[PDB]
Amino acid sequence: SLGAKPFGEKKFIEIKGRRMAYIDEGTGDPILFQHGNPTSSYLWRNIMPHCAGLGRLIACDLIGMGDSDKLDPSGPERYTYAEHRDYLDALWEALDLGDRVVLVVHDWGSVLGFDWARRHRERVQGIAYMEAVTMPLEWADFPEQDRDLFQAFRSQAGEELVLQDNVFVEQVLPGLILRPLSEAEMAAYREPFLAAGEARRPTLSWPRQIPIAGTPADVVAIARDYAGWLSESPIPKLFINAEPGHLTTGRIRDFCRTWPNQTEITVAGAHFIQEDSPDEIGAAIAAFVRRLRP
């Protein structure tokens, strides 16, 4: 079901001198759920229950997000993909995940998780993904109605929109969820970002890092690398397609549909589909994991 309660108890661990927050419930091989922008582990709260008793259920808050520490001093150069990766790699190392990990990824969680999986392929038992960056993007891949806004994030206007006005949290997030969110749900999403200014920097640095039309070149290269690898990897995959969907449609869906050893289902949703179809998503992931772990 739906519901505004978080899943499990927030745990904390020191990473590179900062505290990062995460959920870690149960025993066995991990099922590792990774949120993107502008969300947190909270995104998965109604999905993780479906995997109860199927393994160790983990959902990390990215640095600067959820209950994880902010990077100080924050600024325009902070919270790049590379910086996020340094923190997340270190947290995942610290968590002692073993060598049969199932990844469940969304949004920037997919860029991070696909890249981690490429680099740690022997440890990856399966990959479930949805509304993901399956390859480097072009503006044509980007949903038409949202192009101007994302272009504005990637311009000098971005600081006013995001740091001052919290547009990613307050506008984009509900705008890409089909059902109305409750007061408690929006409170949970806005909590890490209540303060104007640098507290909100992750939600601006992220759109500035999207690999689109060749920029930023480093993230483009990372996505090119994992795109080629995923299109050849025999690791089992679960693609949760969405209707109408948002990001993983058109050309980039055409591309991920070429990936080997992949099961697909379609659920209702736009981008943050976890808020629209958590039971269908959870049921599919649980079935995938049961097949991987007989």
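The first residue of the shown sequence is 1; numbering continues from there.
- On average the C-alpha atoms of 136-144 have higher B-factors than those of the other stretch, with 193-201 and 136-144 being the two compared.
- Two stretches are in play, 222-230 and 65-73, and the higher mean C-alpha B-factor belongs to 65-73.
- Across the options 84, 119, 123, 78, the residue with the most elevated CA B-factor in the record is 78.
- In this entry, the residue among 53, 30, 36, 236 with the greatest C-alpha B factor is 53.
- Residue-level temperature factors show residue 270 in the lowest third of its chain, judged at the C-alpha atom.
- Annotation for residue 215: CA B-factor lies in the middle third of the chain's modelled residues.
- Sort the chain's modelled residues by C-alpha temperature factor and residue 160 lands in the highest third, per the entry.
- Per the deposited record, the Cα B-factor of residue 185 falls in the lowest third when ranked against the other modelled residues of its chain.
- Residue 96: CA B factor in the highest third of modelled residues in this chain (values from the PDB entry).
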